[PDB]
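Chains as they are written, first to last, in PDB author numbering: chain U, 17 to 117; chain d, 2 to 56; chain p, 105 to 208; chain K, 3 to 97; chain D, 3 to 227. Below: the structure, in structure tokens.
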Amino acid sequence: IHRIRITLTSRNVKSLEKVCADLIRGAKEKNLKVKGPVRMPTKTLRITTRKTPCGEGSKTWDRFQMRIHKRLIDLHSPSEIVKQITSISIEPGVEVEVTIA
Amino acid sequence: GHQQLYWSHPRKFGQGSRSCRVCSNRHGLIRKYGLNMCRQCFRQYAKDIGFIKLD
Amino acid sequence: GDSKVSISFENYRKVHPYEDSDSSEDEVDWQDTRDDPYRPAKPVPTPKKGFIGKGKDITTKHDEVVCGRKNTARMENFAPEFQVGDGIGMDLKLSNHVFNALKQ
Amino acid sequence: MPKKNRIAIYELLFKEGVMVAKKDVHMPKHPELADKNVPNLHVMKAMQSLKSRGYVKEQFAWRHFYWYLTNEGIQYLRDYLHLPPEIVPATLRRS
Amino acid sequence: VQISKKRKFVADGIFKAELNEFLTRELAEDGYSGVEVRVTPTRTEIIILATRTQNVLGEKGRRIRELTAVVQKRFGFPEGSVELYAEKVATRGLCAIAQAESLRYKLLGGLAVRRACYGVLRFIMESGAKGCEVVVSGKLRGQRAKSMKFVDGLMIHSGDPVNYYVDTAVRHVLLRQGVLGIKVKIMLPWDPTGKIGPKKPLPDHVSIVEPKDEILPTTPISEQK
RNA sequence: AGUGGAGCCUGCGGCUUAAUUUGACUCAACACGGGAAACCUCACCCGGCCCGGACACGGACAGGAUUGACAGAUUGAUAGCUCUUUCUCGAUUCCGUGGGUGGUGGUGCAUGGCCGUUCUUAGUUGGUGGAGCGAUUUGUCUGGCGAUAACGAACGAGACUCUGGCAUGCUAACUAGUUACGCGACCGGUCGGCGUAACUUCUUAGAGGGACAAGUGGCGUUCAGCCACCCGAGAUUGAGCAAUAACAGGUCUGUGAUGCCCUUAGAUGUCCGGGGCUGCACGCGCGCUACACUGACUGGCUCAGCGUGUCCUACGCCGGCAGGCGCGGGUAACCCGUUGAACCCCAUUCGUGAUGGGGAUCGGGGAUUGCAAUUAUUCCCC
Ligand SMILES: [Zn+2]
């Protein structure tokens, strides 16, 4: 059982990178060969609205920006350890996508 | 009218088949990233969704 | 008190294992209850004889405490440019000469 | 409007007490009323007639009517469908 | 088959918005504070933050069951995937979104605007806040629309700090003559460990430790230990 | 460097029109109302259809209250819209009375919210001390060191948050590569051509460092500062948020935010059909392309970044061209995409003239988009 991929993704790194170390730490305690957490580039969602509801003023614009930080962490193990590591370190606002082989 | 003529016209494209998902209005709609909100309604819920004004 | 730069007494603190000891976490809650002082009075009709009660504890129509409190409560319904403050939280007994000057 | 639709409304209201909408005269068939062919317009007007009569509680939220069962409105559908009182809705089943 | 993460995190934020709007619409006369969605693939657990948990539950838990059926039916996710839990807010005073609704309840209750506003102001000043403002504007006295303001404590108006210190809450009270807007901005404290405010210090406020007054040397002493 | 001068695109008025809806009129309206409107949008004009009158009362109603409908007349309409023709339907109603809804209907000079402006200003408020009975004053400071009954705060300004610049140090990388060694190809080399071992320099993104008037020397009531030089990546970029007090600034036309008024069934509610928003004598603007030799025409050589993507596309074939087909990838640093953009560079031709510059104005065919391109939607070529 090889090339199991875990995709941690959230909106800000202060909770993403917190649980990123909480998942790579369990594997080292369980003595598993794991790749480092690679940083798939932070995608920036950009929405520029008009500030007025009217069409009136100095034509001043908003700049709304949503950032999504993507991380990939690789482990090479049977898929039964994956659920017992990921299921305990549950954090709000951080979603854990997972593929097996 | 009867069912053949009451909605006889196809509302499948254009701004008449697109309304804000909150205020049902057909002007100033954003459909990038599948928001489907009004430009005045999105500014109310921008923080609640989690858009932050950085620059 | 409010200075931006501050001086810290972190050195002189001896021991503090229990920072959250249950002494200062008293849940102050009086707003939605009936312990709120800022509530309507549900007014009583004025007695025709001009006073309330018998014996020696007769609180009359012209009582200085009640009239002063009513003067402050009447002061609360002034124009918005008029600055009142929080005369209900502390007990005010505002007299008729003072209130009449203000009302004027 | 046909009585078949009006009866077809009143079943799903008794079991859970929740009926939803979208406010579209133009859209022809309501998802929750599967294989019964009741337009959402009839749902709107049948529960609006019950709103003025005090049997449902409205709460409009983002183009979606939310409908409820009043305490007195419990007995109203027990006379229409003649449901005997030993059958309880989902209001008082758990806990 | 799934939609892109760009269109997913957007559509998740629209989900957490409509639920909050609906809960505000229903429970504006309950003491409602907020939503806390915790997404678990077994069941999504939504915590209601309200100050009277008994009335939102209702008698025998009847209200929570009907509204969890509502949130089941509206969003289309399958049954047995929602778990609603009402919970008491830790401090009613510091949560200005809940507190800008209780003032609206008082203005609906027939109170004079100044009496209720000062009551709210003093309760949030006493609750542990470092400063606050309450602004009521509209038809206050006659047809001309004036304004009021109740300022006490300290406040900041510019910079990143504002984002995690004040809690701007704008509500509309619906009176017989018109509408009044209410703007409550409660400056939270620097409560570090505490869940009353954000640990992060204000970007400018600096604290200097007093010197541990060491022993002045008297005689060179060699002590073996 | 421009605009104003030319042609033209789009907003304004004036003018016609059944309508050429409307808001907005110095900066603080005029490519603004996310307003690039064929139907929708859409409110405006003409015509037609429906009730979607909730609810309560009175009357009618089962021996029917009604609904829907073939055929013909009419109709733009396989509009029972009305009549004839009489077929359906089982209280789901109908007529008046009250009274609720529905409005992109009227007041933004009745409101909220949001925004703009004064103002991106440089101010605003408190507390303590002293003078005065008091209004008030000092602070909130005369001077060109020195006086100095004053001292301290808070908001704003800065700080902050995001971004740009530096790290051959750290963290790691088959969804980015690099190095090496083999395989192959063509003349020790070039390969974006092929695979495993080295690594993070490049590419990514996290932490932490880095710059603080830094240093030195001249000029300055030698004061705040100025000039030169050095160390340096930098002696610093660009934003965001923005006080106190105000405008009778803009927005019922963003909302199921909204007080009253109006309309409420030959409807200001829907829906549908055709128009209009774009007309055209004329003035006002934002703007594109130009008036050419630093130019144009025709080849080759060419190097990005921000981003989008179920609609982005790769690839073969048919057609110059737009486009069709046939298959694949991509829900995404994996595929378009090594994003092989344009100005640019190198060769040819034109030579100061309304010229090949510059393309407006018009006639044709041809192809997609979509019920529908006539008031040319757009695109190709004469
Ligand atoms: Zn929007």
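Even for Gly, the Cβ is constructed at its ideal location relative to N, Cα and C.
Q) Does at least one heavy atom of ligand 1 sit under 8 Å from the Cβ of d/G29? A) Taking the second sequence and counting its residues from 1, the one referred to as residue 29 of chain d is at position 28. Answer for d/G29: yes, Cβ within range of ligand 1.
**Q.** Proximal residues of chain U, C-beta to C-beta of d/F52 below 8 Å
**A.** Counting from one through the second sequence, the residue named residue 52 of chain d turns up at place 51. Chain U residues near d/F52: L61, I63, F80, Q81, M82.
Q.
Would D/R40 pass as an interface residue toward chain U - the criterion being a Cβ-Cβ separation below 9 Å?
A. Residue 40 of chain D sits at position 38 when you count from the first residue of the fifth sequence. So yes, D/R40 belongs to the interface.
Q) Name the chain d residues that come within less than 7 Å of D/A52, Cβ to Cβ? A) As a first step, residue 52 of chain D must be located in the fifth sequence, where it is residue number 50. Going along chain d, no residue has its Cβ under 7 Å from D/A52, so there is no contact; the nearest lies around 18 Å.
Q | Burial state of K/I11 (16 or more Cβ within 10 Å) | A | One-based indexing of the fourth sequence puts residue 11 of chain K at position 9. Looking at its Cβ environment, which holds 16 or more other Cβ atoms inside 10 Å, K/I11 is buried.
Q: Would you verify that the beta carbon of p/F155 is, or is not, closer than 9 Å to some beta carbon of chain D?
A: Reading the third sequence from its first residue, position 51 is the one you call residue 155 of chain p. No, p/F155 lies away from the interface with chain D (no Cβ there is under 9 Å from its Cβ).
Q) Which value, in whole angstroms, describes the spacing of the CA atoms of K/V20 and K/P91? A) Here residue 20 of chain K refers to the residue found at position 18 when the fourth sequence is read from its first residue. Here residue 91 of chain K refers to the residue found at position 89 when the fourth sequence is read from its first residue. Spanning the two alpha carbons is a distance of roughly 11 Å.
Q. From d/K48, d/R27, d/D49, pick the residue whose C-alpha is nearest to that of d/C39; which is it?
A. Position 38 of the second sequence, counting from 1, holds the residue named residue 39 of chain d. When the alpha-carbon of d/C39 is set against those of d/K48, d/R27, d/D49, the nearest one is in d/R27.
Q. With a CB to CB cut of under 8 Å and the five nearest residues on each side skipped, what residues in its chain are close to d/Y46?
A. Translated into the one-based positions of the second sequence, residue 46 of chain d becomes position 45. Excluding residues up to 5 positions away in sequence, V23, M38 lie with their Cβ nearer than 8 Å to the Cβ of d/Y46 in the same chain.
**Q.** Burial state of U/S95, where buried means 16 or more other Cβ atoms lie within 10 Å
**A.** If you number the first sequence from 1, residue 95 of chain U lands on position 79. Classification of U/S95: exposed, given that the 10 Å Cβ count is below 16.
(Q) Is K/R65 near ligand 1 - that is, is its Cβ less than 8 Å away from at least one heavy atom of it? (A) Locating residue 65 of chain K in the fourth sequence gives position 63, counting from the first residue. Every heavy atom of ligand 1 is 8 Å or more from the Cβ of K/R65, so no.
Q: Note down, in chain order, every chain D residue with its Cβ under 7 Å from the Cβ of p/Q187.
A: Start at 1 with the first residue of the third sequence, and residue 187 of chain p comes out as number 83. Residues of chain D passing the Cβ test: none, with the nearest at roughly 10 Å.
Q. Taking the alpha carbon of D/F77 as the point to measure from, which residue in K/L14, K/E34, K/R8, K/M29 has its own alpha carbon closest?
A. Within the fifth sequence, the letter at position 75 stands for residue 77 of chain D. D/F77 has its Cα closest to that of K/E34, out of K/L14, K/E34, K/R8, K/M29.
Q) Would you call the CB atoms of U/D78 and U/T60 closer than 9 Å? A) Counting from one through the first sequence, the residue named residue 78 of chain U turns up at place 62. Counting from one through the first sequence, the residue named residue 60 of chain U turns up at place 44. No. Outside cutoff.
Q) Got a sec: does ligand 1 put a non-hydrogen atom nearer than 8 Å to the Cβ of p/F186? A) As a position in the third sequence, residue 186 of chain p is number 82, starting the count at 1. Because no heavy atom of ligand 1 lies under 8 Å away, the Cβ of p/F186 does not count as near it: no.
Q) At least one CB of chain d closer than 9 Å to the CB of K/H32: is that the case? A) On the fourth sequence, position 30 is the one that residue 32 of chain K refers to. So, not an interface residue.
Q. Taking the alpha helix (DSSP H) that U/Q100 falls in, what are its first and last residues?
A. The residue you call residue 100 of chain U lines up with position 84 of the first sequence. From DSSP, the alpha helix (DSSP H) with U/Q100 extends over 96-102.
Q: Give me the Cβ distance between D/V138 and D/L182, rounded to the nearest whole Å; I'm assuming they're in contact under 8 Å.
A: The residue labelled residue 138 of chain D in the question sits at position 136 within the fifth sequence. The residue labelled residue 182 of chain D in the question sits at position 180 within the fifth sequence. With a Cβ gap of about 5 Å, D/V138 and D/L182 count as contacting.
(Q) Please report whether the beta-carbon of D/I223 lies at a distance below 9 Å from any beta-carbon of chain d. (A) Translated into the one-based positions of the fifth sequence, residue 223 of chain D becomes position 221. No - not a single Cβ of chain d is within 9 Å of the one on D/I223.
Q: Sort out for me which residues DSSP pairs D/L69 with in a bridge.
A: For the purposes of this step, residue 69 of chain D is taken as residue 67 along the fifth sequence, with counting starting at 1. D/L69 is bridged by DSSP to nothing; it lacks a bridge partner.
(Q) Can you give me the C-alpha to C-alpha distance between K/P86 and D/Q56, rounded to a whole angstrom? (A) In the fourth sequence, residue 86 of chain K corresponds to position 84, counting from 1. In the fifth sequence, residue 56 of chain D corresponds to position 54, counting from 1. C-alpha separation (whole angstroms): 31 Å.
Q: Taking only the alpha-carbon atoms, compute the straight-line gap between D/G36 and D/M189 and give it to the nearest angstrom.
A: For the purposes of this step, residue 36 of chain D is taken as residue 34 along the fifth sequence, with counting starting at 1. For the purposes of this step, residue 189 of chain D is taken as residue 187 along the fifth sequence, with counting starting at 1. D/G36 and D/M189: Cα-Cα distance of roughly 18 Å.
(Q) 9 Å is my cut-off, CB to CB: does D/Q74 come that close to chain K? (A) Your numbering for residue 74 of chain D matches position 72 in the fifth sequence. Interface residue, yes.
Q: Could you give the DSSP three-state label for p/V109: helix, strand or coil?
A: Working through the third sequence from its first residue, we reach residue 109 of chain p at position 5. Reduced to three states, the DSSP call for p/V109 is strand.
Q: Could you tell me which residues DSSP pairs with D/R173 in its beta bridges?
A: Translated into positions along the fifth sequence, residue 173 of chain D becomes position 171. Looking at the DSSP assignment, D/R173 forms a beta bridge with D/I184.
Q: In the DSSP assignment, find the alpha helix (DSSP H) that holds K/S54 and state where it starts and stops.
A: Against the fourth sequence, residue 54 of chain K aligns to sequence position 52. 42-54 is the span of the alpha helix (DSSP H), which, as asked, contains K/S54.
Q: With D/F17 as the anchor, note down where its alpha helix (DSSP H) starts and where it stops.
A: On the fifth sequence, residue 17 of chain D is found 15 positions in, with the first residue counted as 1. Taken as a continuous stretch (DSSP letters only), the alpha helix (DSSP H) holding D/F17 covers 7-29.
Q: Kindly confirm or deny that the segment 95-103 of chain D and the segment 115-132 of chain D touch, where touching means at least three C-beta pairs closer than 8 Å.
A: Here the segment 95-103 of chain D lies against the segment 115-132 of chain D, with 3 or more beta-carbon pairs under 8 Å apart.
Q. Quick one: is the Cβ of d/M38 within less than 8 Å of any heavy atom of ligand 1?
A. In the second sequence, counting from the first residue as 1, residue 38 of chain d sits at position 37. Yes, Cβ of d/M38 sits closer than 8 Å to a heavy atom of ligand 1.
Q) In chain order, which continuous runs of the beta strand (DSSP E) of length 3 or greater are located wholly inside the segment 69-147 of chain D? A) 84-90, 133-140
(Q) Determine, for U/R27, whether the minimum Cβ-Cβ distance to residues of chain D falls below 9 Å. (A) Residue mapping note: residue 27 of chain U aligns to position 11 of the first sequence, counting from 1. Yes, U/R27 counts as interfacial toward chain D.
(Q) Run through chain p and tell me which residues come within less than 8 Å of D/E128, C-beta to C-beta. (A) Taking the first residue of the fifth sequence as 1, we reach residue 128 of chain D at position 126. Within chain p, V132 have C-beta atoms less than 8 Å from the C-beta of D/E128, given in sequence order.
Q. Using a Cβ-Cβ cut-off of 7 Å (strictly less than) and excluding sequence neighbours within five positions of K/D26, which residues of its own chain qualify?
A. Here residue 26 of chain K corresponds to residue number 24 of the fourth sequence, with the count starting at 1. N42, listed in sequence order.
(Q) Beta carbons nearer than 7 Å to chain d: which residues of the segment 4-32 of chain K have them? (A) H28
Q.
Could you check whether D/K62 and K/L94 sit closer than 9 Å to each other, using their CB atoms as the reference points?
A. Looking up residue 94 of chain K in the fourth sequence gives position 92. Looking up residue 62 of chain D in the fifth sequence gives position 60. Yes; because the gap between Cβ atoms is below 9 Å, this pair is in contact.
Q: Closer than 7 Å, Cβ to Cβ, to anything on chain U: give me those residues from the segment 4-22 of chain D, in chain order.
A: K7, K8, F11
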